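Visitor: Let me begin by handing over the structure; questions about it come next.
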Amino acid sequence: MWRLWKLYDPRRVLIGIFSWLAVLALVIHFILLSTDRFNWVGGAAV
Amino acid sequence: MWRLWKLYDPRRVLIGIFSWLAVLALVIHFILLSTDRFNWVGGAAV
Amino acid sequence: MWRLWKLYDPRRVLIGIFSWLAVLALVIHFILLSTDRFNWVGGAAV
Amino acid sequence: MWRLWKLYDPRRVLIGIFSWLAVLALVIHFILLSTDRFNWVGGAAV
Amino acid sequence: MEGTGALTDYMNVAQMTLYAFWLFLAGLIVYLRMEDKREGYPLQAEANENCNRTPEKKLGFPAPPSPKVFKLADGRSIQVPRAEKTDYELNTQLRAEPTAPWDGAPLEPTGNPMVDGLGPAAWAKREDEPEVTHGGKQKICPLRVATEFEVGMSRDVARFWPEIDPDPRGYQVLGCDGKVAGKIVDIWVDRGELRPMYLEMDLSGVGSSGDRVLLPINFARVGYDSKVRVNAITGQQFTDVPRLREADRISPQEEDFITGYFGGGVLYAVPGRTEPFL
Amino acid sequence: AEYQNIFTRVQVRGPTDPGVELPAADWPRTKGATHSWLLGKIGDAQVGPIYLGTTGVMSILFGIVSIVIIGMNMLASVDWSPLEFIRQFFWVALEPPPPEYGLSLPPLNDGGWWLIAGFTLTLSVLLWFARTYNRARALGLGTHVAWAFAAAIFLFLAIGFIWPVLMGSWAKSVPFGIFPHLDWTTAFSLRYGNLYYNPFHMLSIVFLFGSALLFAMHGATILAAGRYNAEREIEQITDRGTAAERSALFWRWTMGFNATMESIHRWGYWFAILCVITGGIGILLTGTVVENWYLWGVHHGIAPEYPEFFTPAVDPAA
Amino acid sequence: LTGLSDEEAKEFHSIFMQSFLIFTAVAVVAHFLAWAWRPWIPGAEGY
Amino acid sequence: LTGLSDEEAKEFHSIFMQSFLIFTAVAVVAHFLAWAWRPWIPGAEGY
Amino acid sequence: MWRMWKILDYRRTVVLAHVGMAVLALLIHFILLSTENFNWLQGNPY
Amino acid sequence: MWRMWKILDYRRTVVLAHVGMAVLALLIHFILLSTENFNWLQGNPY
Amino acid sequence: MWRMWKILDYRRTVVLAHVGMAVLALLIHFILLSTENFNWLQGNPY
Amino acid sequence: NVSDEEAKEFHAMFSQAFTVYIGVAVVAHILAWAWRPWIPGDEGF
Amino acid sequence: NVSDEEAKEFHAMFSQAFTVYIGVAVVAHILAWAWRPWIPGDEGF
Amino acid sequence: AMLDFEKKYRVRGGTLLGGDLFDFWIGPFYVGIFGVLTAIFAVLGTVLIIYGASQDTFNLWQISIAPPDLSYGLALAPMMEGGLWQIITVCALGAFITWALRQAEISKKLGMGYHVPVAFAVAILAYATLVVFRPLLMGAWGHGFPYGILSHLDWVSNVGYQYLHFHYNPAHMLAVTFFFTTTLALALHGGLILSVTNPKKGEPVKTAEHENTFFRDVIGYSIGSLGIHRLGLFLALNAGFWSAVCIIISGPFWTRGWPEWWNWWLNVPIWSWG
Ligand code: BCL
Ligand code: BCL
Ligand code: BCL
Ligand code: BCL
Ligand SMILES: CC[C@H]1c2cc3[nH]c4c(c3C)C(=O)[C@H](C(=O)OC)c4c3nc(cc4[nH]c(cc(n2)[C@@H]1C)c(C(C)=O)c4C)[C@@H](C)[C@@H]3CCC(=O)OC/C=C(/C)CCC[C@H](C)CCC[C@H](C)CCCC(C)C
Ligand SMILES: CC[C@H]1c2cc3[nH]c4c(c3C)C(=O)[C@H](C(=O)OC)c4c3nc(cc4[nH]c(cc(n2)[C@@H]1C)c(C(C)=O)c4C)[C@@H](C)[C@@H]3CCC(=O)OC/C=C(/C)CCC[C@H](C)CCC[C@H](C)CCCC(C)C
Ligand SMILES: COC(C)(C)C/C=C/C(C)=C/C=C/C(C)=C/C=C/C(C)=C/C=C\C=C(C)\C=C\C=C(C)\C=C\C=C(C)\C=C\CC(C)(C)OC
Ligand SMILES: [Fe+3]
Ligand SMILES: [Mg+2]
């Protein structure tokens, strides 16, 4: 699987992953905020 | 019927089929969801 | 302070200052005309 | 940590810092002016 | 504030989606600004512009990106910004003197600015090899060597209503003062854009009938009276228009020389053009 | 008295151009290409040839079926009268399903023809995207034009397909008509409280107005620098001439900053697609996460407050 | 024609038919399960 | 100035830290004055 | 008729037929779905 | 983990980290300000 | 603190200071005019 | 292109700034938790 | 760059204006506070 | 600081007024006499706007400098009842006109044509239609739009609905078509240039023959490198011009609902069919 890094630039892949992780982490955190159950700052009661 | 690949690029046919299969599968799955009978995620009763 | 003119061209500062003074004089005269107490042509009473 | 001034041009860092410091100070002062508790020139009671 | 889309007591999805685009737009503006700085950067800060009295390179915000490499069809790779174009600009000695010693003062040309290359007469450093088309033919070429081209898009229009489909070959060339400089003897066409780029003309009116010179089509007013009027330069100034190294070919450098010279006449053709209305 | 570079005065006609040769797997181009004097006044005079490939032909077939379905329903709506069709040309349409059908398949004459016409039109634009994509690749170009078109399709699909699906009814989608789809545009703004207060509608307008502004600037700049062969922009990008220098210097001296010959096309490219991308996003947000854009604007403190000028109306049913 | 010889074309054709048949074989089993769940051919009175 | 030496970089940093500390110290004094006016950390019940 | 392929290009004709029949097959299936008597998913009485 | 600087340009990363953390820090402070339980300026009951 | 002018160009800093302070001086004067207790032109009771 | 020695020097000043930033951030979160815990219970805050 | 003398000359020029500008600003603020203090109490102004 | 090729262009002359007195650069900006005028007008208008903000609110979106009432007619209003809007309007017109005149001097100094100032004059014409020409024809300066980011959107909304359906305005339909067409033309032109000069990685930069071939392959016609810039300027300027036409005929030349304007089409004797 190490051959992958000769097909693709390691820097380019890492930036793509890190940007993907950042955007996904923001989306999930805000998805939880939209829900009533998982809004931690809202202090809802389950 | 092997002379098709003499006439047609095997790669370009494969993209043609894959796009047709992807579009058709999405449309058929969407139509079933629109129905009140085959909407499996909606769990409608017969 | 006379060495300031060894750094800035006299003409460019004269244009800058005269433009600033023209703008500032107009703004203050106009701001006074907006206020009733200092609208001399408006002639409001104290 | 002093190597920061070798990697970066000190002039560009100072402008970058002072741009942030000016903008941040303006943002914070304006936010306080928008509140009722900390709007000092508004003069609102607690 | 309740309902779908709510994120907090005040924040909602449409507000956060908007701030997501503000972040994307700010990043895009930075990227676009960096793309703007691939020609002409870093800035040359001349000695009179600084208190340290030494020339400096200024990057600006955002700083210029890494150099860009263009692969050319002939088999070359050119790195942008080009080294020789910058090297030429920062090594030539202008035949002009600033009107005042401080930075921002305009330059006053000493010699003839039209031939020295100052202001509107300035030319860029370009390659001296004439361009070629994708097929391999000479890109810009006169009609004599490019026999597949005929003047006039429509034969019927050029035949029965020749005013709006003119054939300027054989017309007279008039300067900005009405001086008859010469006569058009050929049309140069671009094989890539299929357009007349230049009007070759003899200098019979102000020189010899065998001296050829190129008049850019965008500097020429082709009238309905078998005349071509050049408001850019005086009829006598046609004699100093830069000449082609080869009589049948023109290079990108030569194109800048010729268009630069005629552009120099916007300010320097006659006395008073460089002066204000009042 | 100077040449304004508005119309081409002298024209030259060579042989008709077959075009750059394609790889030996694409369909032959058509053999019909002519030269028009009128089009040569503005730009290139050659009309044709055109490429017809697999995706190009299939897109036409889907597009024709969409246009036939729309046209026949329009003609049937005026009782097959060509005279009434001309009279009602701007008013006729193919109406979407009524709200009672939701996202299900409606009967043909109760929104079914609309859904079929919308489906085939979507297929034709999707295939046209692939056609534009393949033509750029066949000539060895970038796919910027195809992706700019894909951004347009996003707003097309957001308005007509994605947003109605999110709302759960085909009725919210737009009819195939001239004045009827303007009525949909207005009713959309009326229903959701003044779409002027949608921030992405504001942004989409910024880039729409900025696109016309940019092309006005760039078009005028290139025409003004046409004396120095500025319209040959590829050469000016790989080999910066004086036209690129003057164009860059014109705007630098004007507004302090400037682009390059290549970079101004990036600015114009992104302004055009951001107009359509932000527009699509704003349409997706309304109805789904914002009910009333004015009330949302009041909530975020952007709605201006006006002093009294009249006696305010009071709702009798309040 | 494309840059394929007879052996290349015949080699592709065999794999194409195998891939088509395996794809169709899965699709048939999928439809048999779907029919077992809910048939999609109604009678004269409907479902 | 762009290619600073180690000695000049070290001396720039020393002044940079002193200037930063003075700027911070003035800010901290400002915050104690601001806290005396109206505290900005509410209790459980609020202000 | 075997001589049809000396007039029409067989390579292009096969593609035209396939994309052409794709449009027609999709259209007819959609029309039947948009009718009460032949929507097999809706299963209306006949 | 110092090999991260052969793949990533350190000078570019530090500037991007500061700008990225400025954005994140401003966002999170503003998220707390939009809430009622954690808006320290308003001081709602907890 | 004369070492500042070996780093920052004194000529451009002075112009930056004057323009920047012009905006700030106008901004603060306008802020006071917006208030009730510090608008000297309106002269509301303190 | 960039040697090992510069990578060590880049990482040394990176680790120092990371440690100081993380150290202050941890204390800030402890102070924020002491003010108002942000994880609700079953019945809320 | 600039010499020690030119840097000191600039700073002497800067110190003249800074003192006068801060002196007027300080006097202006003393007068402004004597007119209407801008820090409200718990009951307001 | 200057671009590395900028030095040979910073020459003297080309001004319309001011001449040697104002012919200089401050940083990258050319000043000229009209630069001093446009700076004076710009700062004066902005500071007056900020003063108007101080008297109402400092919220960036809610700042609004509203024109006077229609009851004032063409008379100058008191400062806080629309007079400030009138002063800012003449400052903005002065700023815009001096801006285009400054571009003319820059165009002449660089040997360029006056296409940019003339194209900008179309935008100035549209603005002058909104605040001068249409208010003059209707007889009151109060018909102009307020100077506010969000308040002038309410003005556009209400003015558009004064004719009950502004989409049916024929000149507005044409102007919108030009606006939509120019951004389509811009996306095509911007993309085509980028596609040629930034092709698939590895391939060389393509030529002008590829540009013509691509669009003739897609739609069967290519307008050329010169035609597209003429077309882009044409579409953008017609968008500007027909925008002015659509608003100038709304109220001075049409007081009814815009859909009613199409009644002439419905009564054409050719296709009345009744
Ligand atoms: C009363 C009316 C409302 C209003 C209601 C709406 C609604 C609803 C919408 C907009 C949208 C927009 N509005 Mg608005 N808008 C208002 C007032 C304005 C004003 C103004 C000065 O008053 C302006 C400048 C705008 C401008 C805009 C644009 C920014 C945006 C449209 C972008 C676009 O180019 O779409 C045109 C381009 C497309 C739709 C994509 C085209 C691509 C497809 C693929 C084309 C296929 C062609 C096809 C194959 C041809 C053959 C088909 C057959 C022949 C049938 N609006 C007021 C507030 N507005 C749109 C938007 O994006 O919202 C944010 C939108 O949905
Ligand atoms: C006097 C010296 C300078 C200074 C010199 C340095 C040096 C040297 C470094 C820092 C670093 C940091 N400094 Mg500092 N810094 C100063 C004082 C401060 C102050 C302050 C209040 O005084 C703050 C809040 C900060 C904040 C920060 C953080 C951005 C970072 C903390 C460690 C870290 O790596 O984050 C951890 C988090 C991340 C690494 C990722 C954060 C993700 C965010 C959301 C987006 C980042 C995008 C990412 C960079 C993408 C990379 C892509 C490729 C580059 C292409 N600095 C002063 C002004 N600072 C370090 C740093 O930034 O390294 C990267 C570092 O090496
Ligand atoms: C006598 C000849 C000249 C003159 C010669 C000099 C000389 C020599 C010097 C000055 C300097 C100054 N002069 Mg002077 N000056 C003159 C007469 C005046 C008069 C007057 C009415 O007579 C005034 C009010 C001033 C004012 C000033 C100050 C700008 C400055 C001193 C403060 C300082 O050190 O700033 C320092 C503060 C900064 C550098 C911070 C920069 C601020 C940045 C721009 C951030 C501000 C952001 C802003 C708030 C944004 C607004 C909000 C928006 C909504 C975004 N001068 C005359 C015209 N003057 C000194 C100077 O400028 O040094 C730098 C200096 O050396
Ligand atoms: C109820 C609302 C109505 C409607 C009512 C109106 C009204 C009222 C108007 C329009 C106008 C327009 N409408 Mg409409 N319109 C509607 C729906 C739409 C839709 C849509 C998708 O539904 C679209 C695309 C449009 C599009 C349009 C355009 C044709 C036109 C706006 C462009 C323009 O005026 O250029 C003109 C451009 C300018 C005037 C800009 C001027 C530029 C100046 C000279 C320069 C300023 C420089 C600046 C100060 C610099 C700042 C400082 C620097 C940044 C530092 N409308 C709905 C149905 N519409 C306007 C129009 O055509 O009038 C001209 C107009 O008045
Ligand atoms: C960035 C967003 C902007 C944008 C971009 C954009 N549009 C694009 C593109 C791009 C980048 C393309 O590449 C593509 C194109 O081809 O441009 C030339 C296109 C395009 N944008 C178009 C339209 C369009 N764009 C619009 C908008 C916009 N386009 C935005 C403003 C709009 C508006 C405002 O509503 C419209 C209407 C098309 C002209 C074209 C996409 C063409 C397409 O999808 O074709 C297939 C669709 C059909 C309906 C098929 C039609 C088939 C014919 C009816 C056949 C005729 C019969 C017969 C074959 C003819 C011969 C007759 C015989 C008798 C001989
Ligand atoms: C006519 C075709 C399109 C066009 C063309 C066009 N615009 C142009 C040009 C051209 C050719 C320029 O050369 C010129 C330029 O230099 O652009 C960079 C410009 C320009 N078009 C601009 C903006 C602009 N163009 C617009 C529209 C358009 N411009 C058309 C769609 C719009 C819209 C639709 O809203 C705007 C906002 C500027 C970036 C610039 C001209 C800038 C200028 O003259 O600035 C002078 C200095 C100032 C700071 C202005 C101060 C003015 C007043 C003193 C204060 C403000 C008064 C105003 C009434 C406030 C209004 C606020 C509310 C409406 C929110
Ligand atoms: C009689 O006429 C003849 C035959 C002679 C020819 C004449 C034809 C004429 C005159 C045609 C006229 C056409 C006109 C005027 C058309 C006007 C069109 C306009 C203005 C359209 C504007 C907007 C329309 C939009 C945006 C529609 C969007 C619809 C979409 C995106 C639909 C998507 C639908 C999908 C994807 C369907 C999916 C089906 C599935 C399977 C998912 O459903 C279960
Ligand atoms: Fe261009
Ligand atoms: Mg309707």
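Labels used: A, B, ... for chains in the order of the structure tokens, numbers from 1 for residues in each chain, and numbers from 1 for ligands as shown.
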Which residues are near residue 41 in chain K? Cut-off 9 Å, only C-alpha atoms, ignore same chain within fewer than 5 positions. Put them as a PDB file with N, CA and C atoms, in the first residue's frame.
Guide:
ATOM      1  N   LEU C  32     -23.101  71.352  11.051  1.00  0.00           N
ATOM      2  CA  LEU C  32     -23.766  72.434  11.771  1.00  0.00           C
ATOM      3  C   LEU C  32     -25.125  72.751  11.157  1.00  0.00           C
ATOM      4  N   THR C  35     -27.718  70.307  12.519  1.00  0.00           N
ATOM      5  CA  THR C  35     -28.208  70.606  13.855  1.00  0.00           C
ATOM      6  C   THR C  35     -29.021  71.894  13.845  1.00  0.00           C
ATOM      7  N   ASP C  36     -30.145  71.880  14.562  1.00  0.00           N
ATOM      8  CA  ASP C  36     -31.019  73.047  14.585  1.00  0.00           C
ATOM      9  C   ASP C  36     -30.379  74.215  15.327  1.00  0.00           C
ATOM     10  N   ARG C  37     -29.646  73.935  16.406  1.00  0.00           N
ATOM     11  CA  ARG C  37     -29.083  75.008  17.220  1.00  0.00           C
ATOM     12  C   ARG C  37     -28.041  75.813  16.455  1.00  0.00           C
ATOM     13  N   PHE C  38     -27.265  75.160  15.592  1.00  0.00           N
ATOM     14  CA  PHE C  38     -26.183  75.817  14.872  1.00  0.00           C
ATOM     15  C   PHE C  38     -26.486  75.985  13.388  1.00  0.00           C
TER      16      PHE C  38
ATOM     17  N   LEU K  33     -21.272  61.797  18.761  1.00  0.00           N
ATOM     18  CA  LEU K  33     -22.458  62.428  18.193  1.00  0.00           C
ATOM     19  C   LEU K  33     -23.645  61.476  18.123  1.00  0.00           C
TER      20      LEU K  33
END
Visitor: May I have the residues within 7 Å of ligand 1, computed using only C-alpha atoms and all ligand atoms, as number ranges by chain?
Guide: F: 66-67, 121, 125, 152-153, 155-156, 159, 176, 184-186, 188-189, 194-196, 200-201, 204-205, 208-209, 275-276, 278-280, 282-283; N: 156-157, 180
Visitor: Output N, CA and C atoms for every residue in that selection, as an mmCIF file, in the first residue's frame.
Guide:
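Okay, this is what ended up in again-v8.cif:
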data_model
loop_
_atom_site.group_PDB
_atom_site.id
_atom_site.type_symbol
_atom_site.label_atom_id
_atom_site.label_comp_id
_atom_site.auth_asym_id
_atom_site.auth_seq_id
_atom_site.Cartn_x
_atom_site.Cartn_y
_atom_site.Cartn_z
ATOM 1 N N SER F 66 -37.913 16.886 -24.709
ATOM 2 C CA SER F 66 -38.329 17.876 -23.723
ATOM 3 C C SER F 66 -39.047 19.043 -24.388
ATOM 4 N N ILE F 67 -38.497 19.541 -25.496
ATOM 5 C CA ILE F 67 -39.093 20.682 -26.182
ATOM 6 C C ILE F 67 -40.407 20.290 -26.850
ATOM 7 N N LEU F 121 -35.064 17.105 -20.025
ATOM 8 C CA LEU F 121 -34.259 18.322 -20.093
ATOM 9 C C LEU F 121 -33.051 18.231 -19.170
ATOM 10 N N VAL F 125 -29.063 18.425 -20.451
ATOM 11 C CA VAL F 125 -28.030 19.330 -19.952
ATOM 12 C C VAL F 125 -26.891 18.545 -19.313
ATOM 13 N N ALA F 152 -23.652 26.148 -13.518
ATOM 14 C CA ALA F 152 -24.965 26.578 -13.988
ATOM 15 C C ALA F 152 -26.004 25.483 -13.787
ATOM 16 N N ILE F 153 -25.634 24.234 -14.072
ATOM 17 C CA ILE F 153 -26.555 23.117 -13.896
ATOM 18 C C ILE F 153 -26.947 22.975 -12.431
ATOM 19 N N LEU F 155 -27.480 25.339 -10.185
ATOM 20 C CA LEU F 155 -28.628 26.207 -9.938
ATOM 21 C C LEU F 155 -29.865 25.691 -10.656
ATOM 22 N N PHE F 156 -29.692 25.187 -11.879
ATOM 23 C CA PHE F 156 -30.809 24.604 -12.612
ATOM 24 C C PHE F 156 -31.406 23.425 -11.854
ATOM 25 N N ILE F 159 -32.941 24.743 -8.300
ATOM 26 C CA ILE F 159 -34.237 25.397 -8.448
ATOM 27 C C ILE F 159 -35.319 24.374 -8.767
ATOM 28 N N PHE F 176 -42.617 25.348 -17.256
ATOM 29 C CA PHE F 176 -41.898 25.576 -18.509
ATOM 30 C C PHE F 176 -42.676 26.594 -19.337
ATOM 31 N N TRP F 184 -43.430 32.308 -11.180
ATOM 32 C CA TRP F 184 -42.827 31.452 -10.168
ATOM 33 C C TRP F 184 -41.722 32.185 -9.424
ATOM 34 N N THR F 185 -40.905 32.949 -10.151
ATOM 35 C CA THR F 185 -39.828 33.708 -9.528
ATOM 36 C C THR F 185 -40.373 34.725 -8.535
ATOM 37 N N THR F 186 -41.450 35.420 -8.904
ATOM 38 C CA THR F 186 -42.045 36.392 -7.995
ATOM 39 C C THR F 186 -42.766 35.706 -6.843
ATOM 40 N N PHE F 188 -42.109 32.911 -5.559
ATOM 41 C CA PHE F 188 -41.087 32.401 -4.658
ATOM 42 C C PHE F 188 -40.679 33.466 -3.649
ATOM 43 N N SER F 189 -40.479 34.698 -4.118
ATOM 44 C CA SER F 189 -40.081 35.780 -3.227
ATOM 45 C C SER F 189 -41.225 36.195 -2.311
ATOM 46 N N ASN F 194 -39.704 38.091 0.824
ATOM 47 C CA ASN F 194 -38.747 39.033 0.256
ATOM 48 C C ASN F 194 -37.343 38.454 0.127
ATOM 49 N N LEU F 195 -37.129 37.602 -0.875
ATOM 50 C CA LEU F 195 -35.829 36.990 -1.131
ATOM 51 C C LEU F 195 -34.680 37.998 -1.239
ATOM 52 N N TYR F 196 -34.978 39.301 -1.262
ATOM 53 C CA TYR F 196 -33.923 40.304 -1.127
ATOM 54 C C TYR F 196 -33.141 40.131 0.172
ATOM 55 N N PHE F 200 -27.513 34.793 0.526
ATOM 56 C CA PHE F 200 -26.941 34.178 -0.666
ATOM 57 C C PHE F 200 -27.565 34.734 -1.937
ATOM 58 N N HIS F 201 -28.813 35.195 -1.869
ATOM 59 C CA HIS F 201 -29.362 35.956 -2.984
ATOM 60 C C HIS F 201 -28.631 37.282 -3.147
ATOM 61 N N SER F 204 -25.258 36.242 -4.650
ATOM 62 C CA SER F 204 -25.428 35.875 -6.049
ATOM 63 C C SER F 204 -25.581 37.111 -6.925
ATOM 64 N N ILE F 205 -26.241 38.148 -6.404
ATOM 65 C CA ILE F 205 -26.355 39.407 -7.131
ATOM 66 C C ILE F 205 -25.009 40.116 -7.192
ATOM 67 N N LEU F 208 -23.295 38.422 -9.924
ATOM 68 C CA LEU F 208 -23.972 38.731 -11.180
ATOM 69 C C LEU F 208 -23.654 40.149 -11.636
ATOM 70 N N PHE F 209 -23.798 41.122 -10.734
ATOM 71 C CA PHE F 209 -23.409 42.489 -11.053
ATOM 72 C C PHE F 209 -21.904 42.595 -11.254
ATOM 73 N N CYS F 275 -21.775 33.504 -8.824
ATOM 74 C CA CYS F 275 -23.139 33.998 -8.977
ATOM 75 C C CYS F 275 -24.127 32.846 -8.971
ATOM 76 N N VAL F 276 -23.802 31.785 -9.703
ATOM 77 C CA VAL F 276 -24.721 30.670 -9.866
ATOM 78 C C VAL F 276 -24.598 29.671 -8.712
ATOM 79 N N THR F 278 -23.713 30.463 -5.393
ATOM 80 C CA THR F 278 -24.371 31.074 -4.243
ATOM 81 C C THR F 278 -25.873 31.148 -4.454
ATOM 82 N N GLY F 279 -26.298 31.380 -5.694
ATOM 83 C CA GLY F 279 -27.717 31.375 -5.986
ATOM 84 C C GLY F 279 -28.364 30.039 -5.681
ATOM 85 N N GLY F 280 -27.723 28.951 -6.107
ATOM 86 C CA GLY F 280 -28.260 27.634 -5.818
ATOM 87 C C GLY F 280 -28.323 27.342 -4.334
ATOM 88 N N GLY F 282 -28.542 29.520 -1.853
ATOM 89 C CA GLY F 282 -29.597 30.320 -1.253
ATOM 90 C C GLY F 282 -30.980 29.748 -1.492
ATOM 91 N N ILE F 283 -31.209 29.192 -2.684
ATOM 92 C CA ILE F 283 -32.494 28.566 -2.973
ATOM 93 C C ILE F 283 -32.679 27.307 -2.133
ATOM 94 N N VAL N 156 -35.926 49.157 -4.064
ATOM 95 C CA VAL N 156 -36.047 48.413 -5.314
ATOM 96 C C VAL N 156 -37.288 47.535 -5.285
ATOM 97 N N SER N 157 -37.554 46.903 -4.142
ATOM 98 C CA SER N 157 -38.733 46.056 -4.017
ATOM 99 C C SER N 157 -40.011 46.860 -4.222
ATOM 100 N N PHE N 180 -27.890 38.184 -17.835
ATOM 101 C CA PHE N 180 -27.668 36.744 -17.803
ATOM 102 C C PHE N 180 -26.730 36.304 -18.919
#
Visitor: What are the closest atom pairs, with distances in Å to one decimal, for all residues of chain D lying within 10 Å of chain K? Consider only C-alpha atoms, order rows by chain and residue number, and present the result as a Markdown table.
Guide:
| residue | atom | partner | partner_atom | distance |
| --- | --- | --- | --- | --- |
| D:9 | CA | K:7 | CA | 9.7 |
| D:10 | CA | K:7 | CA | 7.4 |
| D:11 | CA | K:7 | CA | 6.3 |
| D:12 | CA | K:8 | CA | 9.6 |
| D:14 | CA | K:8 | CA | 8.8 |
| D:15 | CA | K:8 | CA | 9.3 |
| D:33 | CA | K:31 | CA | 9.8 |
| D:41 | CA | K:35 | CA | 6.7 |
| D:42 | CA | K:35 | CA | 6.3 |
| D:43 | CA | K:37 | CA | 8.0 |
Visitor: Residues of chain E within 9 Å of chain K, counting only C-alpha atoms - could you list those as a list in words?
Guide: residues 49, 50, 51 and 52 of chain E
Visitor: As a quick test: using only C-alpha atoms and all ligand atoms, which residues lie no more than 8 Å away from ligand 9? Give them as number ranges by chain.
Guide: F: 95, 174-175, 180-181, 183-184
Visitor: Find the residues near ligand 3. Use a cut-off of 6 Å, count only C-alpha atoms and all ligand atoms, and write them as JSON, numbers by chain.
Guide: {"C": [4], "D": [22], "K": [13, 14, 16, 17, 18, 20, 21, 23, 24], "M": [13, 14, 17, 18, 21]}
Visitor: Go ahead and write the residues just picked, C-alpha atoms, as a PDB file, in the first residue's frame.
Guide:
ATOM      1  CA  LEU C   4      10.110  66.737   7.241  1.00  0.00           C
TER       2      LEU C   4
ATOM      3  CA  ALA D  22      -6.058  47.139  15.292  1.00  0.00           C
TER       4      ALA D  22
ATOM      5  CA  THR K  13       4.703  55.119   8.655  1.00  0.00           C
ATOM      6  CA  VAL K  14       4.028  58.846   9.124  1.00  0.00           C
ATOM      7  CA  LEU K  16      -0.002  55.685   7.509  1.00  0.00           C
ATOM      8  CA  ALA K  17      -0.266  57.224  10.981  1.00  0.00           C
ATOM      9  CA  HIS K  18      -1.877  60.445   9.744  1.00  0.00           C
ATOM     10  CA  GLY K  20      -5.178  56.109  10.119  1.00  0.00           C
ATOM     11  CA  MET K  21      -5.562  58.646  12.916  1.00  0.00           C
ATOM     12  CA  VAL K  23     -10.230  57.881  10.323  1.00  0.00           C
ATOM     13  CA  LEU K  24     -10.016  57.107  14.044  1.00  0.00           C
TER      14      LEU K  24
ATOM     15  CA  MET M  13      11.323  64.364  14.644  1.00  0.00           C
ATOM     16  CA  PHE M  14       8.841  61.713  15.795  1.00  0.00           C
ATOM     17  CA  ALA M  17       5.155  65.452  17.279  1.00  0.00           C
ATOM     18  CA  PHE M  18       4.321  62.583  19.634  1.00  0.00           C
ATOM     19  CA  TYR M  21       0.001  65.298  20.022  1.00  0.00           C
TER      20      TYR M  21
END
Visitor: Using only C-alpha atoms and all ligand atoms, which residues have at least one atom no more than 8 Å from ligand 5? Output them as JSON, numbers by chain.
Guide: {"F": [56, 59, 60, 61, 62, 63, 64, 66, 67, 121, 124, 125, 126, 127, 128, 129, 132, 145, 146, 147, 148, 149, 150, 151, 152, 208, 269, 272, 273, 274, 275, 276], "N": [177, 179, 180, 181, 182, 183, 184, 185, 186, 187, 188, 191, 215, 218, 219]}
Visitor: Over all C-alpha pairs taken in order, what is the RMSD once chain L has been least-squares superposed onto chain M?
Guide: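 Result: 0.5 Å C-alpha RMSD.
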Visitor: How close is chain G to chain H in C-alpha RMSD after a least-squares fit, all Cα atoms in order?
Guide: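 Between chain H and chain G, the C-alpha RMSD is 1.6 Å.
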Visitor: Dump as a list in words the residues of chain C that approach chain M to within 12 Å, counting only C-alpha atoms.
Guide: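 So the residues of chain C near chain M are residues 1, 2, 3, 4, 5, 6 and 7 of chain C.
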Visitor: Take the residues from that selection and put them in a file with C-alpha atoms, as a short mmCIF file (atom, residue, chain, number, x, y, z; two decimals), in the first residue's frame.
Guide:
data_model
loop_
_atom_site.label_atom_id
_atom_site.label_comp_id
_atom_site.auth_asym_id
_atom_site.auth_seq_id
_atom_site.Cartn_x
_atom_site.Cartn_y
_atom_site.Cartn_z
CA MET C 1 10.86 69.57 12.03
CA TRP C 2 12.13 71.37 8.94
CA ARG C 3 13.64 68.00 7.94
CA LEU C 4 10.11 66.74 7.24
CA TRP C 5 10.39 68.55 3.90
CA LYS C 6 13.48 66.51 3.04
CA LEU C 7 11.11 63.50 3.01
#
